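Peer 1: one piece of my complex first, more on the way:
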Amino acid sequence: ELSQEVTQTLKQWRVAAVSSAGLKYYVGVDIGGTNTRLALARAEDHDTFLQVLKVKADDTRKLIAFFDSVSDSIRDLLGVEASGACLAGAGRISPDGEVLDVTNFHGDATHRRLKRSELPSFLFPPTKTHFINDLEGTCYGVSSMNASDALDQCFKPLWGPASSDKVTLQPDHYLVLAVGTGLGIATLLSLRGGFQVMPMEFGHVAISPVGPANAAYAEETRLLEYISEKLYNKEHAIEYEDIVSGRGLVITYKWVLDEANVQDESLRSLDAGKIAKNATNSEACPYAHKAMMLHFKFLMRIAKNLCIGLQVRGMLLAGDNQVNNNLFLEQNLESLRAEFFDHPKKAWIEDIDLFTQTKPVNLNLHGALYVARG
């Protein structure tokens, strides 16, 4: 079952199949840890696309059923096969490009892994289908929009030497981060004509502490030990993603509530989104604020250290979820900056630009559709 807008649109598209140019269109997929989205774009649609379906899926067998279903649906409306496909997924891709491993899907290896050869040929031509990482897809989307001087349509400066200027990327490196089901991290590279994308897995590196004289030192130690207990039985130091994610905000929230002996089962049951919204009212939901503060504090800490290690010129906070959290970010700007410049080498990152996405736009789908064209 497809929507009216999609149905009417595909009817307009298919008249071109009996034209000289034919109907050449491409498939793009954003496989997130919680939701998957699929979109189509014709050869001439250069900055736009048609989202045909989204689904809540946390294993690959359910994706296969979604792909089969939506493939048959588009086939009944277009007739003509897709000319190329790219799936940007929230995990790692095998050296041969054949297999995606979705890091935060649940179950055994079969339910976390997705092979190209399992995909329906209609939407996923066997020789013209590629896997990329989701943040790798974000970078191609960003690079594509930077090339057509359009990044200012969905990004805004939060600080840095370029913050009075319209958003545009210089030929240096830029770090891209996205907070969602997981912590996504990639880098736009300018080494040696264009931007090269490097996919990364830095959301899973062990966290760093604060200085022993920091006022948050005792309480951060308790939070890290609490999370390390619940996830790893204290055997490992937690990953940044164990805090900087949806479930991470939820578990930090439960820690804030345990230290305050707040037994209220209603405030106890909120999901990441309600905690995050509640946090924009500092005086009326102080516990949501405290958890969100620590959530974004650790996002600033991993971003700080990657800026130093990668020697980037700027960084971009991306994702549609980030749009809803920019208000919290501005309400707590000093607290975030205090964290970001808390480093012996703070002089090195004083001139780092920070951009944040301000309008909902699925940069992953744009990136996947850029790759799918070849």
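Peer 2: Happy to help now that I have it. Numbers count the residues shown, from 1 in each chain, chains lettered A, B, ... in the order given.
Peer 1: Could you pull out the buried residues of stretch A:325-338?
Peer 2: Under the neighbour-count criterion of 16 or more other Cβ atoms under 10 Å, stretch A:325-338 has A:325, A:328, A:329, A:331, A:332, A:336 buried. Where you see a C-beta, it was placed from the backbone N, CA and C, and this is true even at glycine.
Peer 1: er, stretch A:239-258 actually
Peer 2: Neighbour-count burial for stretch A:239-258 flags A:239-257 (criterion: 16+ other Cβ under 10 Å).
Peer 1: isn't there a strand covering residue A:22?
Peer 2: No: if the criterion is DSSP: H, G, I helix; E, B strand; the rest coil, then residue A:22 is coil and not within a strand.
Peer 1: Give me the secondary structure label for the closest residue to it other than its chain neighbours.
Peer 2: Leaving aside its chain neighbours, residue A:22 sits nearest to residue A:16 (6.8 Å; criterion: Cβ to Cβ, 6 or more residues apart in numbering). Per three-state DSSP, the local secondary structure of residue A:16 is helix.
Peer 1: and residue A:16, what is it in contact with?
Peer 2: Residue A:16 makes contacts with A:22, A:23, A:42, as judged by Cβ atoms under 8 Å, 6 or more residues apart in numbering.
Peer 1: Quick check: of these, which has the highest neighbour count?
Peer 2: In terms of neighbour count, residue A:23 stands highest of those at 19 neighbours, by other Cβ atoms under 10 Å.
Peer 1: and the closest residue to that residue other than its chain neighbours, how many residues sit next to it?
Peer 2: In space, and not counting its chain neighbours, residue A:23 is closest to residue A:17: 4.1 Å by Cβ to Cβ, 6+ apart. Number of residues near residue A:17 (other Cβ under 10 Å) recorded here: 13.
Peer 1: give the contact list for residue A:17.
Peer 2: Going by Cβ under 8 Å, 6+ apart, residue A:17 touches A:23, A:78, A:79, A:80.
Peer 1: The closest residue to residue A:231 other than its chain neighbours and residue A:226: what is the separation?
Peer 2: Counting by Cβ to Cβ, 6+ apart, residue A:242 is the residue found nearest to residue A:231 once chain neighbours are left out, at 5.9 Å. Using Cβ to Cβ, to the nearest Å, residue A:242 is found at 11 Å from residue A:226.
Peer 1: Pull out the buried positions in the one helix or strand residue A:218 maps to.
Peer 2: For residue A:218, the host element (DSSP states H and E) is helix A:217-232. Across helix A:217-232, burial judged by 16+ other Cβ under 10 Å covers A:219, A:220, A:223, A:224, A:226, A:227, A:228, A:231.
Peer 1: And for stretch A:311-318?
Peer 2: Residues of stretch A:311-318 classed as buried by neighbour count (16+ other Cβ under 10 Å): A:312, A:313, A:314, A:315, A:316, A:317, A:318.
Peer 1: add one more, call it chain B:
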Amino acid sequence: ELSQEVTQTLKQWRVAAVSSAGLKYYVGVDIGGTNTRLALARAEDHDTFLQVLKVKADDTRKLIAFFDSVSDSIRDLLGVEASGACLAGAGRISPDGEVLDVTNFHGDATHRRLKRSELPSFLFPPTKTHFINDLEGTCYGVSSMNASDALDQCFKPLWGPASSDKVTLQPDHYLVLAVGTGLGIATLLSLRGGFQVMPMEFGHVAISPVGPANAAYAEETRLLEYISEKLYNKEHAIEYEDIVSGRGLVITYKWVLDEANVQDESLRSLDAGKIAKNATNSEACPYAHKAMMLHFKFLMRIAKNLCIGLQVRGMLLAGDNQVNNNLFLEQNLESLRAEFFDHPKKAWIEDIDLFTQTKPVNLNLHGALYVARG
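Peer 2: To build on what is shown above, here is chain B added in:
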């Protein structure tokens, strides 16, 4: 004052100046945090070079006097200007490539920074002189030796799926680390024909703790607080380089001695090299061993997390100092592996290759001489 071997060699070289091909030679420089080395290679010397001078220097004004001096000395023996130069230095390089900032030199900005335009024209042709980072130079050296199938002449596998094979680099990413005056880190990249080098500053990122149930958790906290006290007055979390370096091994050693109330001023005064040598006798110098253990433990911890974040296929422990520490590494292999695979995502790094440099060879100079040729 140049040596006999260098003097005799340059006399042999200069006969070619009155030949059809002329005398085209290139300058390479390895500017370390403690020592600087300079070398020459002719156009046809593809895997060899002539080291003409090394000096102990910890500020750039002393380097300028060394460069001026050795430039005039080579000029009096060769007559003909150098055709190209590259300086691989232990720090950052400005966007315009004009200025090197040596991270661990002492003094004000003038004594830590070195401009191209301050270099003698004879050895450093104004339009044909380039700055690279020292580990960036290491990678070009490694890549150069991999291209001529020669890495097995100075690297040996310590573990991984390729450890029965002769050392050769696949077309994937490789992390390169070197422990010396500082912690040097760069990455050989295979994105998209060849290896691309990415320079990095990851030695300066904040450390990670162990899991709260680890037997070393209480004592690591004391060590981190001790170093954070002495370097930063507890205001910052220490950098990996604050432990994984010469001065880091020395300060860890002093901490081991303080916790044992060892007042002996003779054992108290050892420099990094004597501590490291003493450490290869576990039963006779147990304190040196304990400090060296923690030294290499934190090297394994930063390497573990960078392998995860960068998704490399292998890593190389490089530098001439590493040669003298491989014995310690093999005596304490289980302790190092216990640290390296201590991660929730340990399955991801199970198949990572580890190589370590086994013969002294200045890979920085090879790399700089590769760049100097254009």
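Peer 1: In light of the added chain B, please revisit the buried residues of stretch A:325-338.
Peer 2: Neighbour-count burial for stretch A:325-338 flags A:325, A:328, A:329, A:331, A:332, A:336 (criterion: 16 or more other Cβ atoms under 10 Å in any protein chain shown).
Peer 1: With stretch A:197-217 instead?
Peer 2: By neighbour count on 16+ other Cβ under 10 Å, the buried set for stretch A:197-217 is A:197-212, A:214, A:216.
Peer 1: filter these by proximity to chain B?
Peer 2: A:197-202, A:204-212, A:214 (Cβ under 8 Å from any Cβ of the partner chain).
Peer 1: which residues sit in contact with residue A:160?
Peer 2: Residue A:160 is in contact with A:314, A:351, A:352, A:353, A:354, counting by Cβ atoms under 8 Å, 6 or more residues apart in numbering or on different chains.
Peer 1: if you set the cut-off to 6 Å instead, what comes out?
Peer 2: The neighbours of residue A:160, taking Cβ atoms under 6 Å, 6 or more residues apart in numbering or on different chains as the test, are A:353, A:354.
Peer 1: For residue A:327, see how far away it is.
Peer 2: 20 Å.
Peer 1: Quick check, residue A:252 in contact with residue A:292.
Peer 2: No: the pair residue A:252 / residue A:292 is not scored as a contact, 8.3 Å apart, by Cβ atoms under 6 Å.
Peer 1: Next one: the residue sitting nearest the centre point of chain A from chain B, what distance?
Peer 2: Geometric centre of chain A, nearest residue: residue A:178, 4.0 Å, by Cα atoms, centre = their mean. Separation of residue A:178 from chain B (Cβ to the nearest Cβ, to the nearest Å): 15 Å.
Peer 1: Which strands and helices lie in contact with the host helix or strand of that residue?
Peer 2: Per DSSP H and E, residue A:178 falls inside strand A:174-179. The contact analysis (3 or more Cβ pairs under 6 Å, 6 or more residues apart in numbering or on different chains; DSSP states H and E) places strand A:174-179 against strand A:183-189, strand A:314-318.
Peer 1: Give me the angle between that strand and strand A:183-189.
Peer 2: In terms of direction (axes from the mean of the first three to the mean of the last three Cα atoms, to 10 degrees), strand A:174-179 departs from strand A:183-189 by 170 degrees.
Peer 1: related to what we said a few turns ago, which elements pack onto whichever helix or strand comes after the helix holding residue A:218?
Peer 2: Counting by DSSP H and E, the element after helix A:217-232 in chain order, helix or strand, is helix A:246-259. Judged by 3+ Cβ pairs under 6 Å, 6+ apart, helix A:246-259 is in contact with helix A:217-232, helix A:272-278, helix A:286-310.
Peer 1: closest one to chain B among the ones you listed?
Peer 2: Taking Cβ to the nearest Cβ, helix A:286-310 is the member of these nearest to chain B, at 3.7 Å.
Peer 1: how far off strand A:314-318 does the closest one point, in degrees?
Peer 2: 140 degrees.
Peer 1: contacts for helix A:286-310?
Peer 2: If you take Cβ under 6 Å, 6+ apart as the criterion, helix A:286-310 is touched by A:175, A:187, A:208, A:240, A:243-244, A:249, A:252-253, A:256, A:275, A:278-279, A:282, A:315, A:328, A:336, A:339-340, A:343, A:345, A:349, A:352, B:200-202, B:204-206.
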